[PDB]
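Undergrad: My questions all concern the structure below.
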Amino acid sequence: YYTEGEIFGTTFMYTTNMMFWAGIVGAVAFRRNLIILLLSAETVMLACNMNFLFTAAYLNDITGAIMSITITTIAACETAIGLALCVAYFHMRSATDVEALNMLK
Amino acid sequence: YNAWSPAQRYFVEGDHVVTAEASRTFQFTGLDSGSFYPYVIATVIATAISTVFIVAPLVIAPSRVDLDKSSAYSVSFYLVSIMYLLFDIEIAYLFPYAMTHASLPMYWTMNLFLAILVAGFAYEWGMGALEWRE
Amino acid sequence: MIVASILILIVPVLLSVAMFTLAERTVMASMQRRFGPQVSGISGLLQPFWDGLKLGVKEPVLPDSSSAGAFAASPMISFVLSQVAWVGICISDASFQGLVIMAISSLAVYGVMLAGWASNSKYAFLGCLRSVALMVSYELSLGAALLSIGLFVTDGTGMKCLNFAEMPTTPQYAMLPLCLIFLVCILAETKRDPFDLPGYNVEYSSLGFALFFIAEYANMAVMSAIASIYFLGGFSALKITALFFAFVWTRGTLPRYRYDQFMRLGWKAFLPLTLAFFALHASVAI
Amino acid sequence: XXXXXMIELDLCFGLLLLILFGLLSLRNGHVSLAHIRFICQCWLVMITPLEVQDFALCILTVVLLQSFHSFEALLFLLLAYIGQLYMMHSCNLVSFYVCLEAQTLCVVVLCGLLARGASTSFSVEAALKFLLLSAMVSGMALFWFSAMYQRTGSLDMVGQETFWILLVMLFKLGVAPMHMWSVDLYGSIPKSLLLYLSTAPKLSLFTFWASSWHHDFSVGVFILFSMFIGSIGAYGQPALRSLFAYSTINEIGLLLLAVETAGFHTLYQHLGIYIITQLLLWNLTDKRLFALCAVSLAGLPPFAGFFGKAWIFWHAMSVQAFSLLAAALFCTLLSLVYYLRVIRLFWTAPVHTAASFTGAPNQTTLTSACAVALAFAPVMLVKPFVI
Amino acid sequence: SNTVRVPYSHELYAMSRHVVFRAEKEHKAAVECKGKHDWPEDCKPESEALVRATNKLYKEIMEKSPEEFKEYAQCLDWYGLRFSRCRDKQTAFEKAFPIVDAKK
Amino acid sequence: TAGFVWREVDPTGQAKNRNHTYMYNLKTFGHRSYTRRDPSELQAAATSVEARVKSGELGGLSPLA
Amino acid sequence: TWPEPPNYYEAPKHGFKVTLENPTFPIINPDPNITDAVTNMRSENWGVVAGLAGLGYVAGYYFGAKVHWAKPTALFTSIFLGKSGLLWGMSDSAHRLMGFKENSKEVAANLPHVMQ
Amino acid sequence: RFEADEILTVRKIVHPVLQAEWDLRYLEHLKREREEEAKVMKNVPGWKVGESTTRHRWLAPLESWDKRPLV
Amino acid sequence: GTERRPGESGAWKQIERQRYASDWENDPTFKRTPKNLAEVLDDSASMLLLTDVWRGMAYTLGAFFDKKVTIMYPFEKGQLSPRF
Amino acid sequence: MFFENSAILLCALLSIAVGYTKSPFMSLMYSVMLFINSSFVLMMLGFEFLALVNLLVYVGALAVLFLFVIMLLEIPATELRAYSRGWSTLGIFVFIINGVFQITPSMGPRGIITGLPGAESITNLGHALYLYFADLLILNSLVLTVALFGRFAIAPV
Amino acid sequence: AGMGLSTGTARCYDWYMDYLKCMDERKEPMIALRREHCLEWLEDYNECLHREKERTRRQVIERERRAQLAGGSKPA
Amino acid sequence: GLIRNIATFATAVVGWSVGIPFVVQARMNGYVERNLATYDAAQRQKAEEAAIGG
Amino acid sequence: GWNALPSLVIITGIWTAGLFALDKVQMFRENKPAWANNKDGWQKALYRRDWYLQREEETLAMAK
C-alpha cells in the first residue's frame, strides 16, 4: 500500500520519537547519577537535531540547520556548566555522603 | 541504496535497469558521488584485522598461570577540556564562512564574532586561567 | 573491488611503517656515530618483520581485575581509525575531506584514554590524561590551520571545498609561518619530541603493542601526507620520506618539554597565532 | 543598509569595551567596582528601546545592580537582561528558545557563584536540580517546536503543538504543580538572586505573551493547582523562605487567572505592584516595614495589593468567570492567615536593628523608603491609568 | 511511448557554444515560456522544438567533423567537464566546426 | 528581522496594518507567480512546430539510430 | 525540477534588519557611507554628543575617586558615551539621508548643482 | 574566477535543454501512468483518471534522480 | 647560549617572581633588554623561527654523513693488553 | 535498504541501552556509538558538513569531558544499590506508553511520511548564517561567552 | 524563514505566499474569520507539503488492484 | 562474561533489528486501513451532499 | 649513512609501487582519471542522468 520511501520516513519519525522518550525517561527510571542525566539530555538534543534536519530536508529549507547549530551550542554549554557544578558539589560534600551524586536512590 | 521510483530513475522504464542497479558496481562517477561508503567497508576490514591479531597470540604462545603476572607493574584538565569544547564549537561556526565568497558586511560580522571570542579568551588569559601551575 | 582497493592501500602502509621504524632506528644510529640494525638480514633489511612475528608468537597477558574487552579493543580502535584515515586519504571524494580526516584524528585520543582507564596503573592513569590533554589542545590549532588553508581551496566550478585533487600543484609560499606551526602541531600529535613526555601502553603486550605502534606511525604518515598535500603542493612518496627524515632529524637532536610547559606554549603562542593568521588570510582573500 | 541597526553594534562594542576595562581594572588591586556598576547601568540605558515595557524592565534591572559586587555576576546579569529584552522582541520560537535558555544558564550560574558559608552546598544542589529540569523542559520545547515546524512548514506559532509551548511558558513561572523548583530555589539561594528572579523573567514572559502569543485552549486547571497549592502551602510552612515561595505561587496563579480572561491592563498593574513589593522585600534592614509587605500582599484595603487584586476580580467578573473568581476569593482569604502570622512575627516584637561596622551604613535606605511610598500610589491608580 | 533524449553531458558541454549562435530563438522562446507558466504541458511545443534543434545540431556535427568532436568530447569526459585541460582539442574542433558561419 | 521585530507608530499616520511576516518574506525573496496559457496559443504553437517538423528545418526526438 | 546553477561569486545584497517601509521624503542617497553621514551631521547631534561625553567624564571621575584611579575611568567612560551618542547621531543622519526623516535642510546641502 | 564564470555561462546555456527534456519525459511517464490507471479503474463508478488535486500551481514529484542517500 | 629569559624558567615561584618583580634585570646572567628595532627583530628571530634547534639539527645531520666506529663481532674483535 | 533501516533502528536501541546499563563507562560508550551512528544516518540525508560538526564536537570535546569527570569522580558504586535497588516500574511503564505505542506522536494525525535525501549547501548555509541569522550568530557568541565566564567563575578551588 | 536549503526558496514557498496573500487581502476583523474565506489556499499548501490526497488515491487504486487479483483469478 | 556480554549484545541487536520492523509495518497497516475508512466516509458524505443539495 | 640508505630507497619504492598499483586499479574501476574531483548536486545530477541514459541505451540496444 506504500513505497520504500514511506518506509524510510515512517521509520525515521518513529525512531526519533522513541529516542526522544528514551532519553527523557530511562536515566531517571533506571536510577543513575547526574552525569548520566546530562548525557541523556544530550541524547534528547541529538534526537531533536535529527528531527530538525529531517524536516529541513523534507522542506529544502534553511531553518533546520540553524536549529541544529543552536541546539549543539546550548547543549554543550549546559553540559559543561553542569559538569563543573557537579564536580564542585562532589568536592564539597565528599566527606559525609559518598553516594551524594545519585539522587534517585 | 536502490531506486524505488521511475522518477528516481529519471522515468526510464524496464526491468534490466532495476537489476542493474541491484547488483551495480560502486563508482564515484556512477550513482554514488560523495557517498562516504568505503569508510564502512574499511571499518569492517579493520575490525577483522584487529580481531585476528588479537586472537593469534592466544594460539601460538605457551601459557602459564601465575598470581603475580595478573598485576600492574586535577582541574587543569577540566579547564583545558571545557575550553576545547567551546573553542571547537567556535571553529565549527567559523568553518562555513571559510567555504564561501563572503561579502564585506559578512566579513565585519565574522570579525564581530571573533572579537567576542578573543575578548572572552583574553579575559581568561589576564586572570591567570592559562597558567597551568594546577 | 572496493575491498581489493582497501587491501592494496593497506599493504604498503604496513610494509612502510615497518620500514619507517627500522629507518628511524638506523638514521638515529647514523646521527649517533653507530650503524644500527645490520645483522638481522641483509644490512638489517629484515628487523621489523622478525619483530612483528616475535610479538605475534609472544604470550598475551590479561589483568584479572579490570574490563579486558576495552583492553583488547582500544588498540583495535586505534588501528581501525588509522585504516579509516588512510582510506579517506586515498579512497575518498568527500567535499570536506580534510575536515573528515581532522575529525578522524580527533577520535584517536580515546585509545590512549581507554587504555589508561583499562589497566590498574596509577602512572598510566596520569600519563593517558596528559597525552590526551596535549593532543586535544593542539587539535584546535590544527583545525585553525586547516581553516586558513580552506580560504583559498577552490575548484574550477567555483565552489570552495576541501578536495585533495583540487589543491594547487604549487607550494604555498605565503603561509610559511602557518606551515611551520602546523608542522609543530603535527609533531605534538604523535607524542614525538619535544612532546614525548607521555608509556600509556605500559601494561600492554604482543600484537596489542604492535598495533599501538602501527597506529602511531600510521597517524604520523597520515599527518605527513596531509602536510604534503597542504603546503608542499602535492602528494608524493618523496615528500613523505623527506618529512619522515626531518622528523627523525628533530627527534634525534632535541629533548622533550615539561607537561604544563607545552600546555602554556600551545595555549598562548600557537592557537592565537593561528587565529590571527586565519583572520589575516580571510581579510586578504576578500 | 545596516544604518538602522546601529544600536546592536553599540551593544557589541560596549560589551567588548567593558570586557577590556574590567580586565584592566583588576590589575590595579582594586576591590570595589561601583564605577563598573554605573557604567553597566549607562549601557543598559543606551541599549534600551523606547517601549514602556522596555524602559520598565531596564529601570527595574538598574536598581537591582546596586545589590551585587562581582564583575562576572554583573556580566551574567547584563547578558540575562539582553536575553529578556530580546525575548520581548522574539517573533519566532527559535529566538524564544535561545532567550529562554540563555536566561536559564545565566540564572544557574548566578545562583552557583554567589554562595558563601555552609549554605553553599544546598545552593549548588538546588541549582543543579533547576538545571536538570530546565534541560528536560527545553528538550520538550525543542521536540514540539520541531513537530510544529514539520506540520506547518513555517514559523507560525499556531496549531495543536502550541499547547506544549504554553506548558513550557508555564514552567518558567513556577506554575503548580510545576512549582517545586521555585520552592527549592527559595530554600537556599541568597536573597539578592531570588529578588532578581521574582521580577525580570516573569515580566519579560508576560510581555512576550501579550505581544506575540495566542492559543486555542485553557489553563484553568493549572490556575486551580497554583492557587490552592500555594495558599495551603504558605499556610502550612513555618519557614519564611518557603512561605514567600508559596505566596509567589499563589500570586502567579492569580496572574494566570487574569491572563485567561484577557484584560492585560490589570495583569500589568498587579505585576508592577508585586515587583515593587518584592523589591521592598529582599533589601529590608528594619523589620517594622516587613508587615507592610504582608498587608500589601494580603489585599488589605488602604494599600496597593488590595486594588491590584481588585481590578483583577473586576475583569474576572467582566467575563463572569464565576469558578476561578470564587477560587481566587477563597485563596485570598486563606492568604490572610499566614499574612497575619507574618505581622505577629515581625510587628508585635521588640524593635532592634544591628548597626553597620564596615561602613556602608544601611546601604539601601533610599530604595527601601522609596518603595514604601506605595500608599500614595492608589490615588493615581484608581483611575483608568495603566490601560 | 516514444523515446526522447538528448546527447550526453560531455557532448552538451562541448556543443553548448553553438547553442547561442545557432539555436538562439528557440532558447529565448523556451526561456519566456518557462518564465511565464509552471505547467509543463503549456510549454510542450517549445520544449519539443528545443530538443529537436539540439538533436539536429548534434547530427550536423557528426555529419561534418565527427572525429575531432569525438576526441574533444572524450577529453572533456576524461577530465570531467574541466575545459581548461582540453584547450587544444577545443581549438581544433572549433577550427573544424566554427560556431558561427565564416565567409558568408 | 528573522528572529526579532520592532513596532513603532507613524508620526503621520499614513501606514496601513499588514502582516509584517508576509512583507518581510516579500522584500526578502520576492514572489513568483504563473498563469495558465490560453488553449488557442497551444494549438497555434503545436501547429507551427508540426509544420516546421514536416518542412525539414527541425530535427527528430532522439540522437541515436 | 532541474535546479539553477549556483552563483558562487554573487552574494545577495541583503541587510539582516529590514525597515519594512518606503521613504516619505525625496531621496538623496539610499546607501550613504560613514563619511557621507559625517559630512551632513547636524549641530544638535554634535551638541548632544558633547553633552553626553562631558556628563560621562564628570560621573566617571566622581565614581573612580573611591579607588584613586579617577582619570582613566572618566576618560574611558566619556569615550563610551561619546561613541554611543555618535552612533545615534550618525544613525539619525543616515535615516534623514535615506528619506525616512525630513531632510529639507539637507536636500539643499548635498546637491551642489541640483541645488534647485 | 575566470574559469568559474565560463562554467557558469556554460551551465546557464545548458539548463533550459535539460529542463525541456525532463518535462517531455515526465509528461510521457504521466501518460503511461494514466493508461495504467484507466486500465485498472475501468469498472469503478465515480472514478476519474487524470484528476488534478491542485487548483492553480502545478506540483513537481517529491522524489528525483539527483537526491540519493550517500551511504 | 647560557643566557636566561623571562618566561623560560620551568617553575612557578620564579616565573611568578619575574613577571611581578624585576629582580632578573639586576642579574647580569639574564640577557639584557633590546633597545632598538634591530635588537627587537633579533630577539624575535631568536624566539620564533627556532634558530636554536637548527644548529643541533645541522650538527646531527653532519653526523649522519659522518663515519662510524661500529665493529663486526665476531668477525672483528677489540683491543686488549697482556695485563688482561 | 536493509542495512540503512537497521542502522536507523540501532539509534533508539542504543538510546535505551544508555540508561539500561549500570556501568557509567558503558553508558558513555553507548552514547558515543549512538552519536556516531546518528551522524552516519543523517549523512544519508545528505548533510556531510553537519554530520562532521556533530561528530567532532560531541566525540572529541564532550564525551572526553564526560569520561574525565566520571574517572575523577566515580569509584565503582555499581553494587552500591545500582544492582541491589533496581529501577522504578512507573518510569519504564510510562516510557513504554510514550515511545513503544506512542499515543502522542510528533506527526499526530499523520501516520505516513516520505523521507527524501537532501542537498546540503555550505554556501547557502553561510549565506543564511551571516545574512539572515547574523543576529542569532552574535547571540550564540554571547551564549558561548556566558558558558566560558560562568565555568571559570564556578571553579572549585 | 522561507529561504531554501539547496535553492533560493522552499519547494512549497509560493503556496505559502499565496495563502498569506489571500489572508492579507481580506478585511474581516478576525484572522479566524479571515481563515474561513481562504480555506482552499491553506488546503493547497497542505497538499503541497504532504501530498496526502494523492497518497489516498493511489492507496484506493492498489486496494482495487488487490480486490481484482484476489476475488478474480480468471485463467486462460 | 566478556564473551557472554558480546553474545547478549549481538542477540539483542539482531532481535531488535528483526522485530521493530514488524511493529513499524503494523503501524503502517493500521494507518492505511484507517485512512481508507476515512476516505470512504468522506466519499459517502459527498454522495449525501450531492443527493440533498440538488 | 650508507646503512640506512637501503631503507630510505625501499620506503620510497614501496610507496611508489603502492600508489602506481592503486592508480591502475582505481582507473580500471572508475574509467576516468578525474573521479576525485569535487562534485556538487549539479555534477551529481549530470552523472546520474548519464548513467541512467547508458542503462536506457542498453535497454534499447536489446530491442533491434
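In the C-alpha cells, the first chain shown is A, the next is B, and so on; residue numbers restart at 1 for each chain, and ligands run from 1 in the order shown.
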At a cut-off of 9 Å, using only C-alpha atoms, what residues contact residue 82 in chain E? Leave out same-chain residues fewer than 4 positions from it and give the result as a PyMOL selection string.
TA: (chain C and resi 156-157) or (chain E and resi 76-77+86) or (chain H and resi 3+7)
Undergrad: Would you mind exporting the chosen residues as a short mmCIF file (atom, residue, chain, number, x, y, z; two decimals), in the first residue's frame, restricted to C-alpha atoms?
TA:
```cif
data_model
loop_
_atom_site.label_atom_id
_atom_site.label_comp_id
_atom_site.auth_asym_id
_atom_site.auth_seq_id
_atom_site.Cartn_x
_atom_site.Cartn_y
_atom_site.Cartn_z
CA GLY C 156 37.14 25.04 -11.39
CA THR C 157 33.36 25.21 -10.94
CA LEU E 76 36.18 16.51 -21.63
CA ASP E 77 34.65 13.28 -20.30
CA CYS E 86 41.47 20.32 -23.35
CA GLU H 3 37.15 29.61 -15.16
CA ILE H 7 31.47 27.31 -16.40
#
```
Undergrad: Up to 10 Å from chain D, what residues of chain F turn up? Count only C-alpha atoms and give them as a list in words.
TA: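 Putting it all together, I get residues 1, 2, 3, 4, 5, 6, 7, 8 and 21 of chain F.
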Undergrad: Using the selection just defined, write its residues with N, CA, C and O atoms as a PDB file, in the first residue's frame.
TA:
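This is the output file result-v9.pdb:
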```
ATOM      1  N   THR F   1      13.401  41.427  11.812  1.00  0.00           N
ATOM      2  CA  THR F   1      14.493  40.533  11.465  1.00  0.00           C
ATOM      3  C   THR F   1      13.977  39.097  11.463  1.00  0.00           C
ATOM      4  O   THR F   1      12.802  38.835  11.727  1.00  0.00           O
ATOM      5  N   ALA F   2      14.872  38.153  11.170  1.00  0.00           N
ATOM      6  CA  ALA F   2      14.461  36.755  11.116  1.00  0.00           C
ATOM      7  C   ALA F   2      14.074  36.205  12.480  1.00  0.00           C
ATOM      8  O   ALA F   2      13.465  35.132  12.550  1.00  0.00           O
ATOM      9  N   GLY F   3      14.413  36.903  13.561  1.00  0.00           N
ATOM     10  CA  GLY F   3      14.060  36.439  14.887  1.00  0.00           C
ATOM     11  C   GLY F   3      13.599  37.548  15.811  1.00  0.00           C
ATOM     12  O   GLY F   3      13.287  37.299  16.977  1.00  0.00           O
ATOM     13  N   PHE F   4      13.544  38.775  15.297  1.00  0.00           N
ATOM     14  CA  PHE F   4      13.158  39.927  16.095  1.00  0.00           C
ATOM     15  C   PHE F   4      12.329  40.876  15.245  1.00  0.00           C
ATOM     16  O   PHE F   4      12.407  40.872  14.014  1.00  0.00           O
ATOM     17  N   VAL F   5      11.525  41.696  15.922  1.00  0.00           N
ATOM     18  CA  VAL F   5      10.739  42.732  15.270  1.00  0.00           C
ATOM     19  C   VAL F   5      10.596  43.906  16.229  1.00  0.00           C
ATOM     20  O   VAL F   5      10.594  43.748  17.451  1.00  0.00           O
ATOM     21  N   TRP F   6      10.493  45.103  15.656  1.00  0.00           N
ATOM     22  CA  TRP F   6      10.296  46.328  16.416  1.00  0.00           C
ATOM     23  C   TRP F   6       9.050  47.035  15.903  1.00  0.00           C
ATOM     24  O   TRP F   6       8.893  47.221  14.692  1.00  0.00           O
ATOM     25  N   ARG F   7       8.174  47.426  16.822  1.00  0.00           N
ATOM     26  CA  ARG F   7       6.910  48.065  16.487  1.00  0.00           C
ATOM     27  C   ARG F   7       6.971  49.542  16.844  1.00  0.00           C
ATOM     28  O   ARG F   7       7.353  49.900  17.964  1.00  0.00           O
ATOM     29  N   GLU F   8       6.593  50.394  15.893  1.00  0.00           N
ATOM     30  CA  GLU F   8       6.585  51.835  16.091  1.00  0.00           C
ATOM     31  C   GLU F   8       5.384  52.428  15.369  1.00  0.00           C
ATOM     32  O   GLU F   8       4.802  51.807  14.475  1.00  0.00           O
ATOM     33  N   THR F  21       5.266  39.605   8.630  1.00  0.00           N
ATOM     34  CA  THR F  21       5.997  38.442   8.133  1.00  0.00           C
ATOM     35  C   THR F  21       5.857  38.308   6.621  1.00  0.00           C
ATOM     36  O   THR F  21       6.831  37.997   5.922  1.00  0.00           O
TER      37      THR F  21
END
```
Undergrad: Given only C-alpha atoms as the basis, pick out the residue of H:62, H:49, H:20, H:4 nearest to chain C.
TA: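 Distance minimum relative to chain C lands on H:4.
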Undergrad: Which chain K residues are at most 12 Å from chain H (counting only C-alpha atoms), as a VMD selection string?
TA: chain K and resid 6 11 to 16 18 40 to 58 60 to 69
Undergrad: Do a neighbour search on residue 20 in chain G at 8 Å with only C-alpha atoms, toss out local chain neighbours closer than 5 positions, and write the hits as a count of residues only.
TA: 4
Undergrad: May I have the residues within 8 Å of residue 68 in chain I as a PyMOL selection string, using only C-alpha atoms and disregarding those fewer than 5 positions away in the same chain?
TA: chain C and resi 30+33-35
Undergrad: Quick one: of J:150, J:24, J:156, J:86, who's nearest to residue 90 in chain A, counting only C-alpha atoms?
TA: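 Distance minimum relative to residue 90 in chain A lands on J:156.
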Undergrad: Residues of chain J no more than 9 Å from chain K, counting only C-alpha atoms: send them over as a compact mmCIF listing (two decimals) with N, CA, C and O atoms, in the first residue's frame.
TA:
```txt
# COMPACT_ATOMS: atom_id res chain seq x y z
N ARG J 110 -1.20 12.58 11.17
CA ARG J 110 -0.49 11.94 10.07
C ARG J 110 0.13 10.63 10.53
O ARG J 110 0.63 10.52 11.65
N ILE J 113 4.92 9.40 6.33
CA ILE J 113 5.68 10.48 5.72
C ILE J 113 6.73 9.87 4.81
O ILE J 113 7.14 8.72 4.97
N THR J 114 7.16 10.65 3.82
CA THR J 114 8.17 10.22 2.87
C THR J 114 9.50 10.89 3.21
O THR J 114 9.57 12.12 3.30
N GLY J 118 18.49 15.07 1.00
CA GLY J 118 18.63 16.49 0.81
C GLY J 118 19.84 16.85 -0.03
O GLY J 118 20.50 16.01 -0.64
N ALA J 119 20.14 18.15 -0.05
CA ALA J 119 21.30 18.69 -0.77
C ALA J 119 21.88 19.82 0.09
O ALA J 119 21.43 20.97 0.01
N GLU J 120 22.86 19.48 0.92
CA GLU J 120 23.44 20.47 1.82
C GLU J 120 24.34 21.41 1.04
O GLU J 120 25.27 20.98 0.36
N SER J 121 24.07 22.71 1.15
CA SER J 121 24.89 23.74 0.54
C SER J 121 25.57 24.52 1.66
O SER J 121 24.91 25.28 2.39
N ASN J 124 24.98 28.16 0.80
CA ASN J 124 23.69 28.66 1.27
C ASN J 124 23.65 28.73 2.79
O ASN J 124 23.05 29.65 3.36
N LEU J 125 24.25 27.75 3.46
CA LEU J 125 24.31 27.77 4.91
C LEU J 125 25.05 29.01 5.41
O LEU J 125 24.60 29.67 6.35
N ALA J 128 22.89 32.14 4.86
CA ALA J 128 21.88 32.27 5.89
C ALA J 128 22.49 32.69 7.22
O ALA J 128 22.00 33.62 7.87
N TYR J 132 21.01 36.22 7.14
CA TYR J 132 19.65 36.06 7.61
C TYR J 132 19.54 35.81 9.10
O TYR J 132 18.54 36.20 9.71
```
Undergrad: Work out how far apart CA of residue 27 in chain B and CA of residue 99 in chain C are and give it in Å to one decimal.
TA: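 Atom-to-atom, CA of residue 27 in chain B and CA of residue 99 in chain C are spaced 22.6 Å apart.
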Undergrad: Can you check which parts of chain I lie within 10 Å of chain M? Per residue, the shortest pair of atoms and distance in Å to one decimal, counting only C-alpha atoms, sorted by chain and number, as CSV.
TA:
```
residue,atom,partner,partner_atom,distance
I:61,CA,M:1,CA,9.8
I:63,CA,M:1,CA,8.8
I:64,CA,M:1,CA,5.5
I:65,CA,M:1,CA,5.5
I:66,CA,M:1,CA,7.4
I:67,CA,M:1,CA,8.2
I:68,CA,M:1,CA,9.2
```
Undergrad: Could the residues in this selection be written to a file with N, CA, C and O atoms, as a PDB file, in the first residue's frame?
TA:
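Output saved as out-v3.pdb:
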```
ATOM      1  N   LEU I  61      72.900  16.210  11.491  1.00  0.00           N
ATOM      2  CA  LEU I  61      72.841  15.845  10.078  1.00  0.00           C
ATOM      3  C   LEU I  61      74.237  15.629   9.512  1.00  0.00           C
ATOM      4  O   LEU I  61      74.459  14.708   8.716  1.00  0.00           O
ATOM      5  N   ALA I  63      76.644  14.580  11.315  1.00  0.00           N
ATOM      6  CA  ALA I  63      76.975  13.275  11.876  1.00  0.00           C
ATOM      7  C   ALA I  63      76.389  12.141  11.040  1.00  0.00           C
ATOM      8  O   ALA I  63      76.955  11.044  11.002  1.00  0.00           O
ATOM      9  N   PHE I  64      75.254  12.380  10.377  1.00  0.00           N
ATOM     10  CA  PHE I  64      74.680  11.356   9.508  1.00  0.00           C
ATOM     11  C   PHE I  64      75.624  11.002   8.365  1.00  0.00           C
ATOM     12  O   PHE I  64      75.863   9.820   8.091  1.00  0.00           O
ATOM     13  N   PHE I  65      76.166  12.010   7.684  1.00  0.00           N
ATOM     14  CA  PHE I  65      77.135  11.797   6.618  1.00  0.00           C
ATOM     15  C   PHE I  65      78.537  11.534   7.149  1.00  0.00           C
ATOM     16  O   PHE I  65      79.492  11.531   6.367  1.00  0.00           O
ATOM     17  N   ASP I  66      78.680  11.320   8.451  1.00  0.00           N
ATOM     18  CA  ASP I  66      79.975  11.107   9.076  1.00  0.00           C
ATOM     19  C   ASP I  66      80.265   9.611   9.195  1.00  0.00           C
ATOM     20  O   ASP I  66      79.406   8.759   8.960  1.00  0.00           O
ATOM     21  N   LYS I  67      81.504   9.300   9.563  1.00  0.00           N
ATOM     22  CA  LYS I  67      81.950   7.926   9.715  1.00  0.00           C
ATOM     23  C   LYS I  67      81.416   7.333  11.018  1.00  0.00           C
ATOM     24  O   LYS I  67      80.793   8.014  11.837  1.00  0.00           O
ATOM     25  N   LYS I  68      81.662   6.037  11.204  1.00  0.00           N
ATOM     26  CA  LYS I  68      81.180   5.308  12.367  1.00  0.00           C
ATOM     27  C   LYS I  68      82.319   4.528  13.009  1.00  0.00           C
ATOM     28  O   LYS I  68      83.390   4.349  12.421  1.00  0.00           O
TER      29      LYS I  68
END
```
Undergrad: Let me make sure I understand: among D:31, D:81, D:313, D:146, which one has the smallest atom-to-atom distance to chain J if we use only C-alpha atoms?
TA: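 Of D:31, D:81, D:313, D:146, the one nearest chain J, counting only C-alpha atoms, is D:146.
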Undergrad: Output the contact residues of chain H with respect to chain G at a cut-off of 8 Å, based on only C-alpha atoms, as a tab-separated table (two decimals) with N, CA and C atoms, in the first residue's frame.
TA:
```
chain	number	residue	atom	x	y	z
H	8	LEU	N	29.88	28.85	-15.36
H	8	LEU	CA	28.55	29.36	-15.07
H	8	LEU	C	27.81	29.71	-16.35
H	11	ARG	N	26.69	26.41	-17.92
H	11	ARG	CA	25.55	25.80	-17.24
H	11	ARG	C	24.27	26.60	-17.47
H	12	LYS	N	24.38	27.93	-17.54
H	12	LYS	CA	23.22	28.75	-17.86
H	12	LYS	C	22.69	28.42	-19.25
H	15	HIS	N	20.94	24.75	-18.96
H	15	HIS	CA	19.77	24.50	-18.12
H	15	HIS	C	18.45	24.33	-18.88
H	18	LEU	N	18.06	20.64	-20.62
H	18	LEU	CA	17.74	19.57	-19.68
H	18	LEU	C	16.36	19.76	-19.09
H	19	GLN	N	15.96	21.01	-18.83
H	19	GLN	CA	14.61	21.26	-18.34
H	19	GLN	C	13.56	20.76	-19.32
H	22	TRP	N	13.56	16.87	-19.45
H	22	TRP	CA	12.88	16.42	-18.25
H	22	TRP	C	11.37	16.56	-18.39
H	60	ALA	N	5.60	19.49	-8.86
H	60	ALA	CA	6.58	18.51	-9.28
H	60	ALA	C	6.56	17.31	-8.34
H	64	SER	N	13.32	12.70	-6.91
H	64	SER	CA	14.00	12.94	-8.17
H	64	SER	C	15.24	12.05	-8.26
```
Undergrad: Taking 4 positions as the minimum chain separation for residues in the same chain, which residues sit within 8 Å of residue 5 in chain J when counting only C-alpha atoms? Answer as a VMD selection string.
TA: (chain A and resid 8 11) or (chain J and resid 1 9)
Undergrad: Please identify all polymer residues within 10 Å of range 146-148 of chain J, counting only C-alpha atoms, omitting same-chain residues fewer than 4 positions from it, and present them as a ChimeraX atom specification.
TA: /A:73-74,76-81 /B:79,82-83,85-87,117,120-121,124 /D:72,75-76,79-80,102,105-106,109 /J:140-142,152-153
Undergrad: What are the DSSP alpha helix (DSSP H) residues of chain M, as an MDAnalysis selection string?
TA: chainID M and resid 5:30 41:61
Undergrad: What are the residues of chain F lining chain K at 9 Å or less? Count only C-alpha atoms, and put the answer as a list in words.
TA: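 Written out as asked, the residues are residues 2, 18, 19, 22, 25, 26, 28, 29, 31, 32 and 33 of chain F.
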Undergrad: Would you save the residues of that selection, restricted to C-alpha atoms, as a tab-separated table (two decimals), in the first residue's frame?
TA:
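The resulting file, selection_5.tsv, is reproduced below:
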```tsv
chain	number	residue	atom	x	y	z
F	2	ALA	CA	14.46	36.75	11.12
F	18	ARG	CA	-0.37	44.35	7.17
F	19	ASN	CA	1.26	41.04	8.08
F	22	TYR	CA	4.43	38.48	4.66
F	25	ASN	CA	9.35	37.49	3.01
F	26	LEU	CA	8.19	39.65	0.09
F	28	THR	CA	13.47	39.37	1.20
F	29	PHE	CA	12.92	36.97	-1.70
F	31	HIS	CA	7.19	36.35	-5.12
F	32	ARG	CA	6.84	34.18	-8.22
F	33	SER	CA	3.52	33.60	-9.98
```
